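**Q** I'd like to ask some things about the structure below.
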Amino acid sequence: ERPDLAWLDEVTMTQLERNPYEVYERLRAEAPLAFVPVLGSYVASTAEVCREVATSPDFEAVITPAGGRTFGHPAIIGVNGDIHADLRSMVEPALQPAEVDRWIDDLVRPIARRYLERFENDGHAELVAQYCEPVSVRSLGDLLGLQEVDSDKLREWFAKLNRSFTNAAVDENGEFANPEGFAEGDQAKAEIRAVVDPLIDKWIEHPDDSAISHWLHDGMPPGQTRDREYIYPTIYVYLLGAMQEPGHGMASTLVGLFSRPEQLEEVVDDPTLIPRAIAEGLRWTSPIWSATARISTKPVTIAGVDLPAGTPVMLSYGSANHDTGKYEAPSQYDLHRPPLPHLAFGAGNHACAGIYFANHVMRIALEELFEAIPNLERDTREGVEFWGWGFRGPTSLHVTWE
Ligand code: HEM
Ligand SMILES: COc1cccc(OC)c1O
């Protein structure tokens with residue numbers, strides 16, 4: 001118990017979900033590594049500390065308590081050594097840049113057009129549900145082999161898994177404050193199994209181009225497949241973050257550009273600026289804000305704190321990307337910010353494996369949107385509300401045109 005941080009005792013989970021920025025602005029100044037009682041964990045809040053923990057030889061991957069309750073073992077994000085190496089070898093082939101470039105265009109662009117065609121002549125839309133999330137899940141779902149799971153269902157799954165994974169509040173004793181908050185996630189996993197089990201049955205006997213078929217078969221001895229219980233936790237990882245984050249990234253990018261109308265106009269007139277707009281969007285509101293963690297494997301001193309071996313540290317990358325030691329006025333979206341390293345994809349050997357793919361999905365989606373609707377205007381009838389501490393993004397993005 002750190003005396004000068006006694007105010008952290010009164011920080012609530014709801015506060016952090018609704019708006020973590022004021023608390024984390026204090027943390028970055030007072031204690032870049034600090035134990036947050038309601039989270040039951042140390043959290044790293046600055047760019048220097050997050051990067052150090054994520055790349056340190058004295059830390060390894062771990063899942064948070066709520067995250068482990070949600071995904072089980074072996075979730076690619078929470079394992080190390082030979083298991084992690086196998087899971088990385090499993091997912092990396094379809095994410096290799098040279099491979100992505102072979103097909104990303106023909107994958108994403110027809111999908112973006114299909115969802116645009118449903119509303120581009122309406123003069124109003126809610127872009128999160130009508131465009132950003134559907135493009136994100138349909139693109140990845142087709143790649144995975146889930147062509148027959150409609151986008152409504154994929155979006156419901158990642159929303160349920162998100163809430164379950166981020167169900168992190170703990171009581172004074174150290175147990176979960178909402179032990180009922182995992183039930184929704186359990187139901188999503190059961191629905192996922194009902195859909196994927198027969199697909200796995202088929203792929204074992206009849207492999208095809210779908211990523212999950214390749215997860216079963218790639219690198220295995222002849223006639224063998226990875227056991228479904230061995231790959232399911234990484235399937236869940238995909239059906240949460242991989243499904244959710246590209247849509248949140250493009251939506252937050254749009255919110256940011258709306259907040260700088262001159263910059264929105266710039267990007268519409270010159271869509272070669274879209275990659276830069278997206279990189280700034282991810283820094284400005286990081287889709288994975290504080291979901292992942294590491295655990296120390298030996299005593300280590302971090303930000304003046306002597307940590308024993310076995311100490312978990314939550315990586316609040318969304319706070320690190322507002323580090324005022326790194327950025328000028330980081331709370332503002334600025335397309336013309338000098339390109340600088342950011343931590344929205346994490347760091348170290350557990351950094352995002354899908355960066356190149358994710359950036360193209362978001363790029364192609366915004367290219368088609370601005371081409372279809374050059375005169376997008378935000379519905380200023382209300383402000384944009386963001387939600388989430390673990391994962392963060394706009395809950396809706398109402399716009400008009402014409
Ligand atoms: C813009 C959207 C995305 C963002 C912001 C993003 C950000 C991340 C972050 C922060 C992590 C954790 C890194 C750490 O703890 O240091 C991550 C891990 C990962 N992401 Fe991405 N991700 C994104 C889209 C994807 C997509 C679409 C895929 C799959 C196609 C993907 C596959 C991964 C995988 C497999 C891991 C686990 C890597 C490991 O633990 O070894 N991500 N992502
Ligand atoms: C906490 O859950 C996650 C963390 C990082 C990446 C994920 O999906 C790729 C993901 O589902």
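For the structure tokens, the naming scheme is as follows: chains receive sequential letters (A, B, ...) according to their order of presentation, residues are indexed from 1 within each chain, and ligands are indexed from 1 in presentation order.
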Around ligand 2, at most 8 Å away and counting only C-alpha atoms and all ligand atoms, which residues are there? Put them as a ChimeraX atom specification, please.
**A** /A:67,77,162,165-166,236-243,245,288,291-292,352-354,390-391
**Q** Write out as a tab-separated table (two decimals) with C-alpha atoms, in the first residue's frame which residues come within 8 Å of residue 37 (chain A) when counting only C-alpha atoms, dropping same-chain ones fewer than 5 positions away.
**A**
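Contents of the output file around-v2.tsv:
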chain	number	residue	atom	x	y	z
A	8	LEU	CA	-6.57	5.03	-6.06
A	9	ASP	CA	-8.53	3.20	-3.36
A	170	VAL	CA	-12.16	-7.33	-7.61
A	172	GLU	CA	-11.54	-5.92	-0.99
**Q** Using only C-alpha atoms, which residues sit within 9 Å of residue 168 (chain A) once same-chain residues fewer than 6 positions away are excluded, as a ChimeraX atom specification?
**A** /A:13,38-40,64-67,176-178,390
**Q** Include N, CA and C atoms and write out the residues we just selected as an mmCIF file, in the first residue's frame.
**A**
data_model
loop_
_atom_site.group_PDB
_atom_site.id
_atom_site.type_symbol
_atom_site.label_atom_id
_atom_site.label_comp_id
_atom_site.auth_asym_id
_atom_site.auth_seq_id
_atom_site.Cartn_x
_atom_site.Cartn_y
_atom_site.Cartn_z
ATOM 1 N N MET A 13 -14.538 0.709 -11.057
ATOM 2 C CA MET A 13 -14.471 0.056 -12.321
ATOM 3 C C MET A 13 -15.293 0.816 -13.316
ATOM 4 N N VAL A 38 -8.938 -1.707 -7.453
ATOM 5 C CA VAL A 38 -10.123 -2.337 -8.042
ATOM 6 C C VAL A 38 -9.740 -3.300 -9.162
ATOM 7 N N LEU A 39 -8.574 -3.122 -9.784
ATOM 8 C CA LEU A 39 -8.118 -4.065 -10.799
ATOM 9 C C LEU A 39 -7.331 -5.228 -10.211
ATOM 10 N N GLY A 40 -6.984 -5.165 -8.927
ATOM 11 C CA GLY A 40 -6.189 -6.203 -8.294
ATOM 12 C C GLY A 40 -4.812 -6.425 -8.886
ATOM 13 N N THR A 64 -4.730 -11.953 -17.720
ATOM 14 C CA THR A 64 -5.350 -11.440 -16.510
ATOM 15 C C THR A 64 -6.293 -12.491 -15.925
ATOM 16 N N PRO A 65 -6.659 -12.338 -14.646
ATOM 17 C CA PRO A 65 -7.609 -13.283 -14.035
ATOM 18 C C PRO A 65 -8.922 -13.398 -14.786
ATOM 19 N N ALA A 66 -9.576 -12.275 -15.106
ATOM 20 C CA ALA A 66 -10.812 -12.379 -15.878
ATOM 21 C C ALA A 66 -10.538 -12.923 -17.274
ATOM 22 N N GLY A 67 -9.379 -12.595 -17.844
ATOM 23 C CA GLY A 67 -9.066 -13.086 -19.177
ATOM 24 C C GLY A 67 -8.843 -14.584 -19.183
ATOM 25 N N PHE A 176 -13.426 -11.774 -7.613
ATOM 26 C CA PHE A 176 -14.172 -10.988 -8.585
ATOM 27 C C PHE A 176 -15.382 -10.332 -7.946
ATOM 28 N N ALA A 177 -15.580 -9.051 -8.260
ATOM 29 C CA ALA A 177 -16.732 -8.325 -7.736
ATOM 30 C C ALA A 177 -18.030 -8.690 -8.446
ATOM 31 N N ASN A 178 -17.956 -9.209 -9.675
ATOM 32 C CA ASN A 178 -19.133 -9.595 -10.456
ATOM 33 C C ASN A 178 -18.926 -11.010 -10.974
ATOM 34 N N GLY A 390 -10.466 -2.232 -20.859
ATOM 35 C CA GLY A 390 -9.645 -3.226 -21.536
ATOM 36 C C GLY A 390 -9.533 -2.996 -23.037
#
**Q** Can you work out which residues are within 7 Å of ligand 1, considering only C-alpha atoms and all ligand atoms, and then hand them over as a PyMOL selection string?
**A** chain A and resi 54+76-78+84+88+91+95+140+238+241-243+245-246+249+282+286-288+292-293+315+344-355+357-359
**Q** Between CA of residue 258 (chain A) and CA of residue 378 (chain A), what is the distance, to one decimal in Å?
**A**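 Computed distance, CA of residue 258 (chain A) to CA of residue 378 (chain A), equals 6.5 Å.
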**Q** Using only C-alpha atoms, can you tell me which of A:92, A:377, A:101, A:184 comes closest to residue 124 (chain A)?
**A** A:377
**Q** Counting only C-alpha atoms, which of A:259, A:400, A:151, A:316 gets nearest to residue 43 (chain A)?
**A** A:316
